[PDB]
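Novice: Before anything else, here's the structure in question.
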Amino acid sequence: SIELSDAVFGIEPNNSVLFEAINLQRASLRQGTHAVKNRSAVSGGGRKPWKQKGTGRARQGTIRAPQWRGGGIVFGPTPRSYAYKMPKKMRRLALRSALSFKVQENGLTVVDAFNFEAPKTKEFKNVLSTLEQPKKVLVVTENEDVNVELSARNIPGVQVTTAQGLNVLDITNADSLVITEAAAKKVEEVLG
Amino acid sequence: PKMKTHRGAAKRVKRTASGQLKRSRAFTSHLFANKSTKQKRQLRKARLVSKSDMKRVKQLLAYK
Amino acid sequence: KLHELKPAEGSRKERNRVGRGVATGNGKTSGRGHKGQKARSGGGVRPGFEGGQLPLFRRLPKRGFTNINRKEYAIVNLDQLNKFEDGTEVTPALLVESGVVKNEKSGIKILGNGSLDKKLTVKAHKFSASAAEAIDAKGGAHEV
RNA sequence: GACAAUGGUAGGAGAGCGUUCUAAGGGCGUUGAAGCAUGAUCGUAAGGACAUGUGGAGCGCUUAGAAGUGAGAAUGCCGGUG
RNA sequence: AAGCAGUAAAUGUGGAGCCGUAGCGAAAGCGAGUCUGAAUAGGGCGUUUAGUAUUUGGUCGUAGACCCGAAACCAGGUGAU
RNA sequence: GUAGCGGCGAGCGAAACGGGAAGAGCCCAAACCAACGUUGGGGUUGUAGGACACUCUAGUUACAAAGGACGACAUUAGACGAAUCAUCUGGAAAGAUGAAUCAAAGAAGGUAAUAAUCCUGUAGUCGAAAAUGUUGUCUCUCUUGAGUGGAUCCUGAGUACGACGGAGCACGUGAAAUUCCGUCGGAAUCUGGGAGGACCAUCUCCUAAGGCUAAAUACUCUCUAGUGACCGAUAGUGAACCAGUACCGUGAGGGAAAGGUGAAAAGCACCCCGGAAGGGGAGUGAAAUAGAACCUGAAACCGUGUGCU
């Protein structure tokens, strides 16, 4: 009933670009927030403990040296960022690869409009069980559906997204995809 | 931060198409009565930096 | 799948760690050698040279000057003009638009490197002897 | 199947073991986890299992990711004991 | 790129700017050829004319830069029990 | 890391253009008029403005002039808030095995082991005596507008600028403009004055020597609500524990070590050896080689008894 051009949902996936996109997204939602103290930042240790020579002991300059107990750390963690970027043309080749791979293994379900008037988890649970859907499902619409997102969100294993919120991680983590005709048309028109 | 060019070296060489550097000759400032005509006429021509010298000063001129 | 991931063949390599035992091959001296200036923490001499013999970039003379009123022209050879339909008109506002000139430094200049095989009128800031002859050699017009 | 090569310091190149944390999948555990102790066990090496005692609550496996990632020596620092 | 929208995300949008497609000359300048030169006469550098963006590994530079160790210098204070 | 500066060595290092965030501009001195030098009015500029003489009427309390009554929110205590039973092992069930239920609530913490339905909670709603903050609606408080004429008058003086000695401009005195200080000299008045990197002429742009002004910007001693491929007691702040403390120095000042019974104290009634500490039974407890010097309990080192020598 619904025709979709083979440019999306009908290409051969690119595994290298998909791996790069997965690693990029997963690394870009990680914050540093870690720090240690070096020689200068540890409290005290200004004077020399004993004279350079004359007594039989190893020569020392401060009580906060790296080899003392309680001294400063050398070459430790320091706060930074882990995110990086890739060409725009490769960010879109990775997404079509995910959609095509999902289509390949019969994990695509085109349905009519979701007709919900009030949030209710049991109705959507029954709807999911009627359509024979797996444990992990991603459901895609065109705009923000309040009555669809309020329900279907306490069920462990279901997430809701729009057409311009699609992810490489959401598609790969999900086991099957359920979409609407308007959402499918928007996905086909936006991508390429 | 950013690397810094050698300002004294950028005043003495130019970059060619193949990537080499064109230089000027020494021993031409004064005291020309002590040099023969053949020497002074052949010191007007230009030369290129040798590969022995290139291995040492290539990083000093990277933006040039 | 997220539980079966594989980077492309030959795209990754493990870093080398020094000072981690003799079997690695970089154990004790960590590849530096024995008892020199280059074997200390903080490195050695400057990249050019320091001390010693007079450097090469000090025994050679300086040369030339720089003109502040310098003009550089974006060049288009005769081959790049074949993409246009025969009988069309070429203007500096359209070469930038169609994808021949990217940056207009100080005007457009036409150089005669290639074959034209067209009858198109082109107007630019400068022309060479070959560019103006070859353009007029098959029918056309030009202006400055 | 036939032949050939395989001593090695400075140093260059390649392939691997193990340790802590993260992701996905799949598992073990009061009918007893980690840790500790003993054993006549396995692999070419780094190393990996199993059985029995003690212990009383957490921990492995596969594929990827990231490092405060391996100690015998610095008249090294701290504690215990000759 | 900055910015804007977005869950401190992914990626939309954003074409100021950057590298390459053409060199030679101190410069004016000319241009597949230019400089020197009275003279392609000879000679030098070019005519290869496929790059560009992200990223794993090696090495370098600027930051203490593989770790520990001085004799000293300067600045402001505390001391005649 | 370009132009440039530099024992032209080491090294130092810009701006305009363009792309963005945010974005309101104004008040005085003088000419001149009225009063007893004074205070009022008039007046603020480069397409040249103003004075004089000619017809003449949007409250901006963050600059722009400064005192007050006038409804909605936010913060500071809180209240409601769905859904589970049975057997097995065990000291104890939340685990295993069967039957169910809720979900705009499957974040988290506790409860005798591992809980969406046991407890505090969560999603979602409800709520303010009284105090403070932020905003809006009248009241309230000020209020003079544009072109034509330019006879004549005004538009910031020991100021601008110069020489000498310094400094600052990316620019080390260099061909050094542009701008600041000390000393000594010292202008012009719209047919005026300044700038366009020594300097002169022509062109273009502007109008010094008085003052005021929100926003985009920097930081965190703090309060409230959260986050992490950050630490887990030689780590993390010096300090998880009565820590700037014991202690050390005349003084300024320097500076540690030290966490863990058990689910519940149920913290061993009573008998025996002894002066007591300590122990052997009996009891508590799932466990006492869990008995407060208490989870686990490695190596060095110290002992007792034994097969072969």
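Novice: Per the helix-only calculation at 222 nm, which mean residue ellipticity applies to chain B, given -39500 (n - 2.57) for every DSSP H run of n ≥ 4 and division by its residues, nearest 500 deg cm²/dmol? Can you show the working numbers first?
Specialist: Details: 3 runs with 17 residues, N = 64.
About -5500 deg cm²/dmol.
Novice: Right, next: Under a GNM of chain C (C-alpha, springs under 10 Å), which listed residue has the highest mean-square fluctuation: C:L60, C:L81, C:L95?
Specialist: C:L60
Novice: Hey, what did chain B get for relative contact order, percent, Cα under 8 Å, at least 6 apart?
Specialist: 42
Novice: On to the next question. What are the ³J(HN,Hα) values, in whole Hz, obtained from phi via the Karplus relation 6.51 cos²θ - 1.76 cosθ + 1.60 with θ = phi - 60°, for each residue of the range C:58-68 in sequence order, with x given for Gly and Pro?
Specialist: 10, 9, 10, x, 6, 8, x, 8, 10, 8, 6
Novice: Follow-up. Once you have a ≥ b ≥ c as the square roots of the Cα gyration tensor eigenvalues for the range C:35-97, tell me rounded if a/c is under 1.5, and otherwise prolate or oblate according to whether a/b is larger than b/c.
Specialist: Details: a/c = 5.18, a/b = 2.74, b/c = 1.89.
It is prolate, given that a/c is not under 1.5 and a/b is the larger ratio.
Novice: To continue, here is another question. Under a point spin-label approximation (7 Å from Cα along Cα-to-Cβ), what is the B:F27-A:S81 distance to one decimal in nm?
Specialist: 5.8
Novice: Which value, in debye to the nearest 20, gives the size of the charge dipole of chain A about its Cα centre, when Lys and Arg are +1 and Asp and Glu are -1 at the Cβ?
Specialist: Charge dipole of chain A: 3200 debye, to the nearest 20.
Novice: To continue, here is another question. For chain B, modelled as a Gaussian network with Cα springs under 10 Å, which listed residue fluctuates most, B:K51, B:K22, B:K14?
Specialist: Among B:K51, B:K22, B:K14, the largest GNM mean-square fluctuation belongs to B:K51.
Novice: Still on this structure: Nearest 5 percent is fine: what portion of the DSSP beta bridges confined to the protein assembly as shown is antiparallel? Write out the running numbers ahead of the final one.
Specialist: Numbers: 4 of 26 bridges.
Restricted to the protein assembly as shown, the bridges split so that about 15 percent are antiparallel.
Novice: Among A:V36, A:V168, A:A152, whose Cα sits farthest toward the positive end of the charge dipole of the protein assembly as shown (+1 at Cβ of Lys/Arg, -1 at Cβ of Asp/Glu, about the Cα centre)?
Specialist: Farthest towards the positive end: A:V36.
Novice: Could you give the distance between the Cα centres of the range A:96-120 and the range B:1-28, to the whole Å?
Specialist: Measuring centre to centre over Cα atoms gives 63 Å.
Novice: Now a separate question. Output wanted: per-residue J couplings in Hz (rounded whole) for the range C:89-105, from phi through Karplus 6.51 cos²θ - 1.76 cosθ + 1.60, θ = phi - 60°, x for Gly and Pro.
Specialist: Values per residue, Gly and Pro as x: 10, 10, 9, x, 7, 9, 5, 5, 6, 6, x, 10, 9, 9, 10, 9, 5 Hz.
Novice: Assuming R0 = 41 Å, can you tell me the calculated FRET efficiency for the pair C:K109 and A:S40, based on Cβ-Cβ distance, to the nearest 0.05? List each step's numbers first, then the result.
Specialist: Numbers: r = 60 Å, r/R0 = 1.46.
After rounding to 0.05, the efficiency reads 0.10.
Novice: Moving to a separate point now. Can you run phi through the Karplus equation (6.51, -1.76, 1.60; θ = phi - 60°) for the range A:19-24 and list ³J(HN,Hα) in whole Hz, with x for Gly and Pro?
Specialist: 4, 4, 5, 4, 5, 5
Novice: For the protein assembly as shown, just say rounded, prolate or oblate: build the C-alpha gyration tensor, square-root its eigenvalues into a ≥ b ≥ c, call rounded for a/c under 1.5, and beyond that prolate if a/b exceeds b/c, oblate if not.
Specialist: Working: a/c = 3.22, a/b = 1.19, b/c = 2.71.
In terms of gyration-tensor shape, oblate.
Novice: Based on Cβ point charges of +1 for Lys and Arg and -1 for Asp and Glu, what charge dipole magnitude is obtained for the protein assembly as shown about its Cα centre, in debye rounded to the nearest 20? Walk me through the numbers on the way to the answer.
Specialist: Details: 78 positive and 34 negative charges, 1427 e Å.
Dipole about the Cα centre, nearest 20: 6860 debye.
Novice: Give the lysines whose C-alpha is closer than 20 Å to that of A:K136, dropping any in the same chain fewer than 8 places away, or say none.
Specialist: Hits, sequence-local ones excluded: A:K102, A:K120, A:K122, A:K125, C:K1.
Novice: I've got another one for you. So how far, in whole Å, is the C-alpha centre of the range C:56-81 from the one of the range C:30-53?
Specialist: 38
Novice: How far is helix A:121-130 tilted off the main Cα axis of chain A, in degrees rounded to 10, range 0 to 90?
Specialist: Around 70 degrees separate the two axes.
Novice: Give the long-range amide H neighbours of C:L120: residues separated by 5 or more places, or on another chain, with amide H under 5 Å away, using H modelled in the peptide plane at 1.01 Å from N.
Specialist: C:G87
Novice: Students often forget the sequence filter, so: which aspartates and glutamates lie under 12 Å Cα-Cα from C:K118 once same-chain residues fewer than 8 apart are removed?
Specialist: Of all the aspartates and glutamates, those that pass the test against C:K118 - Cα under 12 Å, at least 8 places apart if same chain - are C:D79, C:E85, C:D86, C:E89, C:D136.
Novice: What spacing in nm lies between the two simple spin-label points modelled at B:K58 and A:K122, each 7 Å away from Cα in the Cβ direction?
Specialist: The two pseudo-label positions are separated by 7.7 nm.
Novice: Please give the FRET efficiency for B:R47 paired with B:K2, using the beta carbon to beta carbon distance and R0 = 41 Å, rounded to the nearest 0.05. Show your work: numbers first, answer last.
Specialist: On the way: r = 31 Å, r/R0 = 0.76.
Calculated transfer efficiency: 0.85.
Novice: Now for a different question. Where the centroid of each part is defined by its Cα atoms, how far is the range A:50-75 from the range C:102-144 in Å?
Specialist: Rounded to whole Å, the Cα centres lie 78 Å apart.
Novice: From the square roots a ≥ b ≥ c of the eigenvalues of the alpha-carbon gyration tensor of chain C, which class results: rounded (a/c under 1.5), prolate (a/b over b/c), or oblate? Mind showing how you got there, number by number?
Specialist: Numbers: a/c = 4.70, a/b = 1.90, b/c = 2.48.
Here chain C falls in the oblate category.
Novice: Using amide H atoms built in the peptide plane, which far-off residues or other-chain residues are under 5 Å from A:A174 H to H?
Specialist: The answer is none.
Novice: Leaving out same-chain residues fewer than 8 places away, which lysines sit with a Cα under 19 Å from that of B:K51?
Specialist: Hits, sequence-local ones excluded: B:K14, B:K22, B:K64.
Novice: Pairs of alpha-carbon atoms within less than 8 angstrom and 6+ residues apart define the contacts here; what relative contact order does chain C have, in percent? Before the final figure, lay out each step's value.
Specialist: Values: 156 pairs, mean separation 23.4, N = 144.
Once divided by the residue count of chain C, the mean separation gives 16 percent.
Read-outs: derived from the displayed coordinates by stated rules, not from any lab. Note that each Cβ is placed from the backbone with ideal geometry, even for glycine, and that neighbours are counted across all protein chains shown.
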